[PDB]
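Down below is the structure, laid out as structure tokens.
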Ligand SMILES: Cc1c(C(=O)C2=C(O)CCCC2=O)ccc2c1c(=O)n([C@@H](C)c1ccccc1)c(=O)n2C
Ligand SMILES: Cc1c(C(=O)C2=C(O)CCCC2=O)ccc2c1c(=O)n([C@@H](C)c1ccccc1)c(=O)n2C
Ligand SMILES: [Co+2]
Ligand SMILES: [Co+2]
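Residue numbers (the entry's author numbering), protein chains in the order written: chain A, 35 to 194, 201 to 253, 262 to 403, 411 to 437; chain A', 35 to 194, 201 to 253, 262 to 403, 411 to 437. A prime marks a further copy of an entry chain.
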């Protein structure tokens with residue numbers, strides 16, 4: 035049941051901003067590893083004396099990488115005279131974020147009808163303000179509230201090309217890489233206590249709990273009216289036969305933050321082939337694959353959805369499969385994206401729920424905890 | 035004339051250490067962009083709770099990338115009980131270095147006969163100590179003195201595999217990339233005042249001035273006894289028809305630091321082909337190429353050294369050529385390696401001075424300032 039209680043009009047995920055020490059090297063690594071092209075820039079060459087920001091895109095997916103310059107370059111500036119293209123940026127906030135958490139997501143940005151109204155309504159409904167609404171070139175409005183830890187939810191609204205002050209990247213440095221990734225499906229937070237986290241976010245957005253049904265976690269999913277913005281949140285479950293990956297995250301991240309970005313592919317087979325070819329030459333590594341017992345057990349589970357050849361293609365690529373009441377989910381997880389065992393990426397593709412495909416079709420793979428556990432015990436005894 | 039005045043026995047360049055915000059992403063980017071393989075690691079998986087350090091190698095060239103973890107992981111440790119594999123490492127020093135300078139070289143490491151003697155002798159002769167000699171596993175000794183700015187000269191000596205506590209990297213993540221780079225030829229500092237810089241370094245090493253003969265700089269080169277360790281230093285020359293790149297460096301770097309690393313290739317043609325193929329897919333960009341007039345003028349200059357086909361191969365790749373009394377130098381420069389217009393890399397190959412090839416054969420390309428200037432004026436008027 036979807037009560038459609040959004041307190042303001044929400045469209046889709048707009049972009050994800052990483053706060054970096056060096057945006058150039060992170061962005062180039064991500065570009066090669068995920069097959070995203072360099073689409074826009076805001077840096078010294080565009081007049082920005084405050085921060086370096088590089089935008090990668092794949093389909094509708096937008097990854098922004100931002101790092102501060104020396105404050106001495108902009109020492110004479112004040113906010114009214116700033117050359118920053120992202121007015122919410124602050125050197126001290128950025129350095130403190132990165133020193134505290136390492137490389138990770140600062141901003142989960144969603145496009146809304148009117149960022150000013152969304153901001154005012156959110157704060158009126160309990161949201162902690164982070165950056166007030168600011169109009170860029172009388173054309174784009176941006177505002178920010180706290181989401182969890184030091185992650186903000188950023189609202190973006192357009193009167194009618202990424203952001204004013206960003207320049208389109210020259211087609212020469214813009215190699216048209218594409219491994220099939222098309223959009224952000226969901227963005228997941230890790231928190232010490234799930235209850236207060238949910239109550240707070242659902243409080244100021246009107247987002248509703250999304251339908252569901262010892263793995264180290266409890267989780268719940270908040271969704272916008274059309275369930276195209278999906279914000280799962282996890283908390284740890286302490287004490288087991290293995291340590292909670294949520295607890296490990298909080299320890300190495302120095303508290304709550306974004307755990308993983310799930311990127312929808314138009315062809316998860318080709319995406320995973322391309323990413324796996326590049327793992328050891330600058331790209332991303334993937335978690336250890338399930339044993340062959342997991343893939344034998346797939347026939348009994350999704351044999352109606354996936355042919356024997358497509359199941360064997362999942363096995364060759366380490367792809368996991370779960371299923372819902374209405375849809376089927378293919379998923380796989382990278383190793384952590386940086387030095388710390390904190391943020392990682394999920395690649396997914398959803399099968400079913402045709403109406411356009413409805414959001415969350417197939418769930419989030421929670422049934423793969425037991426299915427993975429069972430297959431691992433079976434392969435050991437085998 | 036080489037007076038051979040080294041105050042201690044110096045062997046060769048050993049490694050270069052970069053201080054990073056995220057060592058993983060910088061190291062993966064450098065690996066792909068330069069064709070260096072992952073050879074050793076010291077991180078959480080090896081028991082290091084203090085810093086993440088990844089070693090890339092190509093031939094004898096060793097690039098180390100190090101970033102701090104959260105201090106909370108090692109809060110109970112003291113230096114006698116440290117899990118750091120590099121005992122000179124300090125969280126606060128590392129974060130302060132990176133916040134101040136951005137991504138850059140912290141340590142220029144040279145192998146010596148006895149790091150303890152080299153340290154004591156250096157400090158006795160004016161060197162400012164940075165980290166005292168420390169014996170690792172009764173097998174490797176390391177010590178550090180200040181070189182310029184926040185760059186240290188690191189001494190390493192071996193009784194008889202990179203460093204104790206580093207683990208060899210699994211041949212699976214160790215893809216055997218190789219674009220032909222073989223060793224560090226020279227490492228270059230930018231300082232506000234050349235005179236005091238030279239006097240200080242030559243004072244404590246015994247390194248001698250290396251033979252030479262408005263471009264924005266003055267420079268001089270310090271060399272070890274066999275002239276295989278080469279340390280040029282630059283200072284700006286203020287006021288011209290263009291701003292000094294040395295001054296730009298000091299401004300964006302917040303003072304003195306390492307300007308460029310020059311990497312010798314066994315085949316600069318293949319190195320530049322491989323690096324240029326990768327520039328727009330995660331690798332490194334190169335400075336703008338000289339006009340065709342520069343390459344026509346090459347026949348009159350090096351036509352005895354390089355055939356017409358090899359000169360045309362230089363033109364296709366943007367390679368610069370200079371010549372000495374005894375040798376010929378092929379060189380090219382990357383764009384800056386990170387966000388700031390500070391550190392860059394030079395690729396070089398030297399022709400001549402056969403005895411083994413003697414160090415510095417062909418010089419450092421100083422004649423290419425005028426040759427580039429002339430050809431640029433000629434191409435404009437053409
Ligand atoms: C993150 C994830 C999800 C996931 O997407 C997700 C949501 O979107 C929202 C609901 C909560 C949630 O979890 C689903 C299945 C996963 C994993 C996952 O992380 N892991 C590995 C990597 C692991 C488990 C334990 C300890 C260390 C690693 C899995 O095995 N499964 C099977
Ligand atoms: C660094 C360099 C060297 C070099 O290696 C070097 C040494 O090893 C020691 C002696 C001093 C020195 O300079 C040689 C030639 C160079 C460059 C160089 O940097 N440039 C570009 C990039 C540039 C010039 C001006 C303003 C901006 C950029 C050149 O054009 N030439 C021709
Ligand atoms: Co997920
Ligand atoms: Co040089």
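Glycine residues also receive a C-beta, built at the ideal position from the N, C-alpha and C atoms.
query, result
"N-terminal and C-terminal residue of the beta strand (DSSP E) that residue 41 of chain A' is part of", "That residue, residue 41 of chain A', is in no beta strand (DSSP E); it is neither H nor E in DSSP."
"Residues in the stretch 38-55 of chain A' having any Cβ partner in chain A nearer than 9 Å", "54 and 55"
"Reference residue 111 of chain A, options A:354, A:48 and A:82, closest by Cα", "A:82"
"For residue 282 of chain A': DSSP bridge partner residues", "A':230 and A':267"
"Residue closest to residue 346 of chain A, alpha-carbon to alpha-carbon, out of A:367, A:336, A:228 and A:56", "A:367"
"Nearest residue (CA-CA) to residue 190 of chain A, options A:207, A:394, A:57 and A:176", "A:176"
"Within chain A, the residues that residue 300 of chain A' reaches when beta carbons sit closer than 8 Å", "103, 104 and 107"
"Residues in the stretch 121-151 of chain A having any Cβ partner in chain A' nearer than 7 Å", "129, 132, 133, 136 and 137"
"Euclidean distance between Cα positions of residue 305 of chain A' and residue 127 of chain A'", "15 Å"
"C-beta contact flag for residue 371 of chain A' and residue 422 of chain A' at 9 Å", "yes"
"Per-residue burial, residue 415 of chain A' [other beta carbons within 10 Å of its own, 16 or more giving buried]", "buried"
"C-beta contact flag for residue 42 of chain A and residue 148 of chain A at 9 Å", "yes"
"Boundaries of the alpha helix (DSSP H) in which residue 63 of chain A is found, first to last residue", "57-68"
"Below-9 Å beta-carbon distance, residue 338 of chain A vs any chain A' residue", "no"
"Bridge-paired residues (DSSP) for residue 97 of chain A", "A:50 and A:90"
"Which residues DSSP lists as bridging residue 208 of chain A, in chain order", "A:74"
"Touch test, the stretch 232-251 of chain A' against the stretch 82-91 of chain A', Cβ-Cβ under 8 Å, three pairs minimum", "no"
"Min CB distance residue 309 of chain A' to chain A below 9 Å", "no"
"Segments of 4+ residues assigned as alpha helix (DSSP H) that fall wholly inside the stretch 306-364 of chain A", "316-326 and 340-350"
"The stretch 268-278 of chain A in contact with the stretch 352-362 of chain A per 3-pair CB rule at 8 Å", "no"
"Residue nearest to residue 377 of chain A' in terms of C-alpha spacing, selected from A':349, A':411, A':383 and A':391", "A':349"
"Rounded separation between residue 143 of chain A' and residue 181 of chain A' - CA only", "11 Å"
"Outcome for residue 282 of chain A when other beta-carbon atoms lying within 10 angstroms are tallied against a minimum of 16", "buried"
"First and last residue of the uninterrupted beta strand (DSSP E) at residue 380 of chain A", "375-381"
"Residue 391 of chain A (DSSP reduced to helix, strand or coil)", "coil"
"First through last residue of the beta strand (DSSP E) which encompasses residue 168 of chain A'", "163-170"
"Same chain, Cβ closer than 8 Å to residue 123 of chain A, neighbours up to 5 away in sequence not counted", "84, 85, 100 and 102"
"Residue 207 of chain A' versus residue 150 of chain A: straight-line alpha-carbon distance, rounded", "53 Å"
"Proximity below 9 Å, CB of residue 328 of chain A to CB of residue 374 of chain A", "no"
"Residue range of the unbroken beta strand (DSSP E) whose run includes residue 371 of chain A'", "368-371"
"Interfacial residues, the stretch 380-391 of chain A' to chain A, with Cβ spacing under 9 Å", "384, 385, 386, 387, 388 and 389"
"C-alpha gap between residue 64 of chain A and residue 98 of chain A', whole angstroms", "21 Å"
"Residue 48 of chain A, buried or exposed, once every other Cβ within 10 Å from all chains shown has been counted against 16", "buried"
"Per-residue contacts from residue 330 of chain A into chain A' (C-beta, under 7 Å)", "62, 63, 65, 66 and 330"
"Residue 280 of chain A': CB within 8 Å of a non-hydrogen atom of ligand 2", "yes"
"Simplified DSSP assignment, three categories, for residue 156 of chain A'", "helix"
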